[PDB]
Structures are given as C-alpha cells and as structure tokens.
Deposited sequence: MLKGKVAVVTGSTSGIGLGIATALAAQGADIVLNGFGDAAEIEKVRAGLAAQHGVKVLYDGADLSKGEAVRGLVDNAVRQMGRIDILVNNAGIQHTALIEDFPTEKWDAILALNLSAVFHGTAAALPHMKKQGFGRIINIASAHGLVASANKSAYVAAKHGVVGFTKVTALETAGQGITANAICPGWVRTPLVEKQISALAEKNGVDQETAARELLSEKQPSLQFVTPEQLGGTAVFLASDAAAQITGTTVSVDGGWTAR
C-alpha cells in the first residue's frame, strides 16, 4: 500500500491517467490530478475519488506546454500536499502525417508536451525526492518509444526521447531510493480509438488491433494503473532505468 505517499499524475482527468490515479488512490496515496475538461465533470471525479478511497485529491489544471507551468504543478503539489513521492508523466498528444507534410507547429507541440514536459516535471521533482531519500518517476511512453510506425514521426521521436530521458534519470538517481521507469503501452481503448472502431464492432476492434497487437485485446487504464502501483512498490526498488511493455505482444515481433 502507499498510505502517506503523494502521487502527481499528469493528464489524469480522463483515460489512462485517470486509471493510474484511481489505482494509486486505491492503495492509499493522496493524489494530484491534472488536465483539461469540464469544471463540473472534473470536480465530480476529484470529489468522488477522495470520498471512495479516503484520501486527499487535488486538481491542478496547469497547461503542460509551458515548462514553467509543469515545474509549478510539482511545486504546488509539495506546497498543498506536503511532499511528492510519485510523479507520473502521462499527458500526451498525437498528430499523423508524412514527414514532408508534417506541420512544424505540430512537431513542436508534440515534443513540448510528450517530451519536454517530462524533463520539466522531473527536474522539479528530483530535489524533493533526493531530500526525502524516496521517489518514483513513472513515465508513460508507448510501444512507439521502442519501435516506429509510418506517419507518427514526432510522436515516435518524442516517446523514444522519453525512454532515453528515463534511463538518464535513473542513472543520476541510482541508489538514492529513487527509481525512474517508462511504461510503454500498446493500444488502449479510449473514445478517440473508439471512433476509429466504427462487420459488427467487435469484428472492427479485432481488425484495428490486428496490425500491431497480436493478442487482439486492448490494454486497459486499470491494467496500466496496476503496473504503476507495482512500479511504486517496494518489490520494484531495484527496477530502474527500464521499460515495461504493456502491449499484447506488439514488441515481441
């Protein structure tokens, strides 16, 4: 369990990030949620987690394009919650086009959120974790941090960058009670994906998965949350600077 610990999860107002925050809450950690969305819907989620799990849950809507807003998210977590034990760098965006057709605005944006936000968040958290003599940094990368797909140049470059950044973090913290690892999911069934799915649908789901994901099954936010729980546990104290692939066999082949 993680009673007495505080976890910040970026981009946790929905999807994977919310699944992770929810799993960490269920182990007793206080939580900082982050992301965009409807004010009322977010408050429902925040109040609901706090009441269901008996922990404190803050919401900080910091826009993570801006490195100063990222470092301020972390510093505010420490101000409001007392400490920061676990940082999950999860927020991300996508844009598909050929390299030649790839808008520079999208390239820049993808790197800023998907990579540089990891740097800024991690830079802000480390001094606290080192003083504590305890930390877990869990970066949510992708199968695309290890291998590539056509038409995803910026996202693949950024995720790969996250993997290498994760390894450096780990080497700079080795033996100080801090680990840093990257979870690399394959396909997770988010509403964005759900659109693409629409001769019936569970024949369409299987067909969409079959190119990359041999199990023909989606990964779930709940499974990624249990993977983050595991990495946050004492059993994972010597797991550092590595990747945990949660991808249905995508990287096996």
query	finding
Missing segments of the deposited chain sequence, listed N- to C-terminal	199-205
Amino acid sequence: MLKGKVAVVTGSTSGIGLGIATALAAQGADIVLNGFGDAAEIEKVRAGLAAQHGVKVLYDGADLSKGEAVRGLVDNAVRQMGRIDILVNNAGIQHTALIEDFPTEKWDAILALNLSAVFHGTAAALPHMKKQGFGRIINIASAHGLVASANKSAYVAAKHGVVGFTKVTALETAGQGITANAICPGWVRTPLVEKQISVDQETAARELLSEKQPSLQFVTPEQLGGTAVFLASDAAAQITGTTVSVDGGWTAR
From here on, numbers count along this sequence of modelled residues.
item	value
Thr190: gap in at least one third of other compared structures	yes
At least a third of other PDB entries omit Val199	yes
Comparing 212-220 with 63-71, the one whose average Cα B-factor in the PDB entry is higher	63-71
Average Cα temperature factor in the PDB entry - higher stretch of 201-209, 54-62	201-209
Identity of residue with top Cα B-factor, from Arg136, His160, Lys152, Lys167	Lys152
Candidate set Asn181, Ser142, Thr122, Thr104 [ranked by C-alpha B-factor, highest]	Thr104
Third of the chain, ranked by Cα B-factor, where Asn89 sits	lowest
B-factor third for the C-alpha atom of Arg46 within its chain	lowest
For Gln27, the third of its chain into which the C-alpha B factor falls	lowest
Chain third (lowest, middle, highest) by recorded CA B-factor, residue given as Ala252	lowest
Chain-wide C-alpha B factor ranking for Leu146, given as lowest, middle or highest third	lowest
